[PDB]
Amino acid sequence: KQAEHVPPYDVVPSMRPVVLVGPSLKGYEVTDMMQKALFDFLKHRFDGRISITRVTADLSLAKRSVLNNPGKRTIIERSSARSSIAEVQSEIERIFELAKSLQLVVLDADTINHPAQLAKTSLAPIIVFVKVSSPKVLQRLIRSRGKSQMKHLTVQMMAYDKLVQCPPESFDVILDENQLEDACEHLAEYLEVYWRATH
Amino acid sequence: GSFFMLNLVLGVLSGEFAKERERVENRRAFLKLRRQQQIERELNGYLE
């Protein structure tokens with residue numbers, strides 16, 4: 163029964179990284195602002211105890227049972243040696259190093275837009291869901307940016323309902339309200355409970 | 343001739359208005375108005 167042979171134990175970062183998903187595709191105006199405000203809130207309120215790191219490169223290729231060492235050296239000139247897998251694999255233990263310092267860390271990943279994309283990996287992070295209540299509000303919110311976002315409005319909508327159709331149980335926390343301050347406290351109290359839990 | 347007649351007219355008109363307000367067309371229009379008003383609060387919060 164060694165085809166998969168999942169170990170009973172998995173190695174995960176000491177402190178859970180925080181990943182924000184929604185309300186639509188990242189790298190666009192609306193999602194960028196709705197996450198940057200919360201990022202700012204986390205930097206300020208929890209100043210001196212939380213470090214913010216941005217994952218510019220991809221992070222969805224975190225595999226552990228593929229091979230002993232795919233692309234161990236950059237001089238092999240192999241398909242995966244010169245590929246993007248090397249830096250993504252090397253970014254994995256950076257999160258571990260941040261976690262072993264007891265300081266809570268977040269992940270500003272611009273590629274992951276669905277929890278299942280980063281659920282089978284070794285990170286096992288806290289996933290935060292910022293969502294619009296209805297797509298009718300979201301369409302007009304995208305309209306509020308300008309003519310630039312009308313070009314990408316189409317693709318910006320299926321990324322919403324695909325993530326909505328994901329079961330709520332996949333996400334760790336849900337920010338289902340519209341007010342900035344009350345949703346802001348919704349995360350603050352949860353993270354205070356987490357802080358007291360591991361202390 | 344005045345007070346009783348006016349009371350009867352007001353009562354009949356109020357009953358007629360109450361019956362007419364709960365028709366399917368008026369109810370649908372009110373539901374559309376309520377949904378449009380509910381969207382606006384969420385929009386204002388998100389723009390803030």
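Residue numbers (PDB author numbering), protein chains in the order written: chain C, 163 to 361; chain A, 343 to 390.
In this text, a Cβ means the ideal position worked out from N, Cα and C, and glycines have one as well.
Within the segment 306-318 of chain C, the residues whose Cβ lies closer than 7 angstroms to some Cβ of chain A are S306, listed in chain order. Boundaries of the alpha helix (DSSP H) harbouring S310(C): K309 to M312, taken from the DSSP string. Pairwise C-beta distances place the segment 221-229 of chain C in contact with the segment 249-258 of chain C, as three or more of them are shorter than 8 angstroms.
Ranked by Cα distance from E382(A), the options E351(C), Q301(C), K262(C) and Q318(C) are led by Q301(C). Put simply, the segment 283-301 of chain C touches the segment 333-340 of chain C. At least three CB pairs are less than 8 angstroms apart. For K188(C), no chain A residue has a Cβ inside 7 angstroms of its Cβ, as the nearest lies near 17 angstroms away. Under a criterion of Cβ atoms nearer than 8 angstroms, the residues of chain C adjacent to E384(A) are, in order, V294, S295, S296, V299 and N340. In the three-state reduction of the DSSP assignment, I304(C) falls in the helix class. Put simply, the backbone Cα of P169(C) is about 37 angstroms away from that of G189(C). Shown here, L269(C) sits in a strand according to DSSP, grouped into three states. Comparing C-alpha distances from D338(C) to each of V180(C), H167(C) and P185(C) shows the shortest one belongs to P185(C).
Annotation: Cβ neighbours of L303(C) in chain A (cutoff 8 angstroms, chain order): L385, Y388 and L389. Looking at the DSSP output, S213(C) bridges to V267(C). Here the alpha carbon of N386(A) sits roughly 52 angstroms from the alpha carbon of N231(C). For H206(C), the closest C-alpha among the options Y352(C), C346(C) and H361(C) is that of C346(C). The C-beta separation of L325(C) from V268(C) comes to about 19 angstroms, leaving the pair out of contact by the 8 angstroms criterion. The continuous stretches of beta strand (DSSP E) do not include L315(C), and DSSP gives it neither H nor E.
In terms of Cα proximity to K262(C), the closest of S213(C), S227(C), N275(C) and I237(C) is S213(C).
By the neighbour-count definition (other C-beta atoms within 10 Å, threshold 16), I304(C) is a buried residue. Inclusion of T215(C) and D270(C) in the CB contact set at 8 angstroms is warranted, their separation being smaller than that value. Residues of the same chain with a CB within less than 7 angstroms of the CB of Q318(C), apart from the 5 flanking positions on each side, are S186, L187, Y190 and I304 in chain order. The Cβ-Cβ distance between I274(C) and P179(C) does not fall below 8 angstroms.
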